[PDB]
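Report on the structure given below.
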Amino acid sequence: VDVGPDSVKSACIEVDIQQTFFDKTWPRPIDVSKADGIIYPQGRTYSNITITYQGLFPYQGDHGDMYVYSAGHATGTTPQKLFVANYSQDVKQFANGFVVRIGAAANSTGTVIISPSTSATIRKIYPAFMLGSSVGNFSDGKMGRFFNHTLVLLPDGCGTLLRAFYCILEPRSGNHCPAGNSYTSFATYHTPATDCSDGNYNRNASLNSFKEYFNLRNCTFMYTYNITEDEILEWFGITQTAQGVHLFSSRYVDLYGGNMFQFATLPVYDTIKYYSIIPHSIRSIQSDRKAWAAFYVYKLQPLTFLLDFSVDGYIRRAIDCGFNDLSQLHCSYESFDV
Amino acid sequence: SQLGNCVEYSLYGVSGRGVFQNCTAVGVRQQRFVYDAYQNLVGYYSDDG
Amino acid sequence: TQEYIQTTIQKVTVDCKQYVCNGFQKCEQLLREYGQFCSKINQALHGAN
């Protein structure tokens, strides 16, 4: 698949990694009683019943891994260096997949990470992921390099589309790029000043920044999904079976409720073993920095849950039957009230 | 065309015998097949709407 | 005349899931296809106790 032209820049934008600024404690563990993180049973629905169900669920009380994106460095009206967390090097085992809590803090007053004394209203931002079968290091020894075909889930268009592609990422050799000099971390970015016009959003802004660090080769697919903009908390999930990689989301079926339904299957058949968060930095001017909501990643495992299906079929309440002894009791009677 | 009758059915691979009735929707529409607490099929969203 | 009248029996509960499968996940996976077997064992003994 033709995924557009290669970047023609001789250098990448310099990336400043300062993890201290991203070491925040904003815990939002899975609350199963509020049905957080639940992927709806896939081939069917139920109405007005309480039953146990076996499937891939996050654990009750799991804090997950918090990630937060920030504004880059600036001087007045001229954005400079990107500002990121050490995320690209933090490679996790995929296991059975994961769910992501996105935009939970939206509408709250938060912090601009790059400037701790500066407050701003928190806005939802979508996570970017890099997933694959094999990992290792880059030319200078830093980790986070993926080999062969890598699945990249890269939101773009200032949060209006999700772009999913499976391709070989060939590190570019220019300045601050992964096969070049003075490399730290790759990162994606968009520049609101030119990319997020009220009308014409740049649907390739994040793709184009990704392309500055890597050449995309042998892409087997590139798919896009549309996202209507809002500030609503949503869940995203990813799993993998013999049929491919399954992408789940709450926004196309249960927007306000949060249950996740499958929206896509990707033809990715090698086993995903590793994943990482692609750090993203927004090249805002100094005078227009926003607070971006943190997202939380929680791992899935084959658990039995007690699921309370409402008349309209949504799961609003659940019990993690292995959480504690009290939970085991509720599950054995298949009821929330014993 | 056969509401109220006992019919054999095969709905997207799901089969058995039963009687269909026109009624108020419950469950998630997108999931097509509505099951009860004993895992019987108890409702269905048809492609005719 | 001596007489003994039994009024109780020893009360016993069983961790049915452990009894049957000993912590093995493959077994537990197959055990699930027998329905809520262990719930029945536990409830019957709970009532008996």
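Line by line, the protein sequences are chains A, C and B.
Okay, so the first sequence: first residue is 19 according to the entry's author numbering, each after it adds one.
Okay, so the second sequence: first residue is 598 according to the entry's author numbering, each after it adds one.
Okay, so the third sequence: first residue is 791 according to the entry's author numbering, each after it adds one.
We put the beta carbon where it would ideally sit given N, CA and C, even for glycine.
Closest to residue i by C-alpha separation, out of the options, would be which residue?
{"i": "residue 357 (chain A)", "options": "A:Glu188, A:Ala211, A:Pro210, A:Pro320", "result": "In the structure displayed, chain A extends from 19 to 356; residue 357 (chain A) sits before or after that span and is not available."}
{"i": "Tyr316 (chain A)", "options": "A:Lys27, A:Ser28, A:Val33, A:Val117", "result": "A:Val117"}
{"i": "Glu230 (chain A)", "options": "A:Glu32, A:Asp20, A:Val19", "result": "A:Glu32"}
{"i": "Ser643 (chain C)", "options": "C:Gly615, C:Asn619, C:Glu605, C:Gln636", "result": "C:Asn619"}
{"i": "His348 (chain A)", "options": "A:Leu325, A:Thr93, A:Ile333, A:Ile48", "result": "A:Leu325"}
{"i": "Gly154 (chain A)", "options": "A:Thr68, A:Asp108, A:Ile303, A:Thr139", "result": "A:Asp108"}
{"i": "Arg269 (chain A)", "options": "A:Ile57, A:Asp41, A:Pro45", "result": "A:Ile57"}
{"i": "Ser829 (chain B)", "options": "B:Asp805, B:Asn812, B:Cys817", "result": "B:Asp805"}
{"i": "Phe323 (chain A)", "options": "A:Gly55, A:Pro23, A:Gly82, A:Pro45", "result": "A:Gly55"}
{"i": "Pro134 (chain A)", "options": "A:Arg190, A:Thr38, A:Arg119, A:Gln78", "result": "A:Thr38"}
{"i": "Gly128 (chain A)", "options": "A:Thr212, A:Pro76, A:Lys42, A:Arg119", "result": "A:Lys42"}
{"i": "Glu823 (chain B)", "options": "C:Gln636, C:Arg626, C:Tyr632, C:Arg614", "result": "C:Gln636"}
{"i": "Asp80 (chain A)", "options": "A:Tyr314, A:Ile69, A:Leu273", "result": "A:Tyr314"}
{"i": "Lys27 (chain A)", "options": "A:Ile295, A:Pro59, A:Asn233, A:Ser302", "result": "A:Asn233"}
{"i": "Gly73 (chain A)", "options": "A:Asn277, A:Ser328, A:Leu344, A:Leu321", "result": "A:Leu321"}
{"i": "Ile333 (chain A)", "options": "A:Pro145, A:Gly22, A:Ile69", "result": "A:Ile69"}
{"i": "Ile303 (chain A)", "options": "A:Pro210, A:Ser25, A:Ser215", "result": "A:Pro210"}
{"i": "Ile295 (chain A)", "options": "A:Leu273, A:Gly162, A:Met278, A:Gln280", "result": "A:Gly162"}
{"i": "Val21 (chain A)", "options": "A:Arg46, A:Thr283, A:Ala182", "result": "A:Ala182"}
{"i": "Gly82 (chain A)", "options": "A:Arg190, A:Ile48, A:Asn218", "result": "A:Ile48"}
{"i": "residue 7 (chain A)", "options": "A:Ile67, A:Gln60, A:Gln78", "result": "In the structure displayed, chain A extends from 19 to 356; residue 7 (chain A) sits before or after that span and is not available."}
{"i": "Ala92 (chain A)", "options": "A:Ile186, A:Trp44, A:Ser191, A:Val130", "result": "A:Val130"}
{"i": "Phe165 (chain A)", "options": "A:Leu180, A:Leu172, A:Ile186", "result": "A:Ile186"}
Going by beta carbon distance, what residues of the same chain come within less than 6 Å of residue i, once the five residues before and after it are set aside?
{"i": "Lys291 (chain A)", "result": "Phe112, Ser151"}
{"i": "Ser200 (chain A)", "result": "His194"}
{"i": "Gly115 (chain A)", "result": "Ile256, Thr257, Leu318"}
{"i": "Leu149 (chain A)", "result": "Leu169, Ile290, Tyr293"}
{"i": "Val286 (chain A)", "result": "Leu169, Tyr184, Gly262, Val263"}
{"i": "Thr63 (chain A)", "result": "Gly331"}
{"i": "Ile300 (chain A)", "result": "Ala89"}
{"i": "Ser25 (chain A)", "result": "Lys229, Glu230"}
{"i": "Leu835 (chain B)", "result": "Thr803"}
{"i": "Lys142 (chain A)", "result": "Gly121, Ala124, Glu249, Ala311"}
Go through its chain and collect everything with a Cβ distance to residue i's Cβ below 8 Å, but skip five positions before and after it.
{"i": "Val611 (chain C)", "result": "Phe630, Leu638"}
{"i": "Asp158 (chain A)", "result": "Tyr201"}
{"i": "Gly276 (chain A)", "result": "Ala53, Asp54, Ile56, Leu251, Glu252, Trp253, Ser268"}
{"i": "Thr95 (chain A)", "result": "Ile303, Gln304, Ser305"}
{"i": "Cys817 (chain B)", "result": "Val810, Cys811"}
Might you give, ordered along the chain, the residues of its own chain that have their beta carbon closer than 7 Å to the beta carbon of residue i, omitting 5 neighbours on each side?
{"i": "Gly837 (chain B)", "result": "none"}
{"i": "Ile831 (chain B)", "result": "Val804, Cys806"}
{"i": "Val616 (chain C)", "result": "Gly601, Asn602, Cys603"}
{"i": "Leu608 (chain C)", "result": "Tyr641"}
{"i": "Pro97 (chain A)", "result": "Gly90, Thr209, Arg301, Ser302, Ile303"}
Check whether the Cβ of residue i lies closer than 9 Å to any Cβ atom in chain D.
{"i": "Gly613 (chain C)", "result": "Among the protein chains of the structure shown, namely A, C and B, there is no chain D."}
message: Along the region 314-333 of chain A, where does the CB come closer than 9 Å to a CB of chain C? Name the residues.
response: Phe327, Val329, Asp330, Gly331, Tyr332
query: Does the region 337-356 of chain A come close enough to the region 228-238 of chain A that 3 or more CB-CB pairs lie under 8 Å?
result: no
- prompt: Is the region 87-97 of chain A touching the region 300-313 of chain A in the sense that three or more CB pairs, one from each, lie closer than 8 Å?
  reply: Yes: at least three Cβ pairs fall under 8 Å.
message: Ignoring anything shorter than 3 residues, give me the beta strand (DSSP E) runs that lie fully in the region 163-248 of chain A, in order along the chain.
response: 167-174, 179-189, 206-208, 232-244
field: Stretch-stretch touch, CB-based, cutoff 8 Å, three pairs: the region 114-134 of chain A with the region 205-225 of chain A
entry: no
message: What are the residues in the region 615-637 of chain C lying within 7 Å of chain A by C-beta distance?
response: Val623, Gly624, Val625, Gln627, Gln628, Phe630, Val631, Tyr632, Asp633, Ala634
- prompt: If you pair each beta-carbon of the region 336-347 of chain A with each one of the region 598-614 of chain C, do three or more pairs fall below 8 Å?
  reply: no
- prompt: Taking Cβ-Cβ distances below 9 Å as the criterion, which residues of the region 59-83 of chain A are in contact with chain C?
  reply: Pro59, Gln60, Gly61, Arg62, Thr63, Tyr64, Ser65, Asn66, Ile67, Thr68, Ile69
query: Name the residues in the region 239-273 of chain A whose C-beta lies less than 9 Å from a C-beta of chain B; which are they?
result: none
message: Extract the residue ranges of the beta strand (DSSP E) inside the region 266-315 of chain A, only unbroken runs of 3 or more that lie entirely within it.
response: 279-284, 292-295, 298-300
- prompt: Is there contact here, the region 281-300 of chain A with the region 259-273 of chain A, by at least three beta-carbon pairs under 8 Å?
  reply: The way I'd put it, the region 281-300 of chain A does touch the region 259-273 of chain A; three or more beta-carbon pairs between them come closer than 8 Å.
task: May I ask you to verify whether the region 27-46 of chain A touches the region 93-107 of chain A, counting CB pairs closer than 8 Å and requiring at least 3?
output: yes
query: Curious, which full-length beta strand (DSSP E) runs of at least 3 residues does the region 99-156 of chain A contain?
result: 100-102, 116-120, 127-130, 133-141, 147-150, 153-155
The region 822-835 of chain B: positions lying closer than 8 Å to chain A by Cβ: Result list: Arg822, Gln826, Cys828, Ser829, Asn832, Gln833.
- request: Using a Cβ-Cβ cut-off of less than 7 Å, list which residues of the region 279-306 of chain A approach chain C; keep chain order.
  value: Taking 7 Å as the Cβ-Cβ cut-off against chain C, the residues of the region 279-306 of chain A that qualify are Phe279.
field: Complete runs of the beta strand (DSSP E) confined to the region 32-56 of chain A [at least 3 residues]
entry: 33-35
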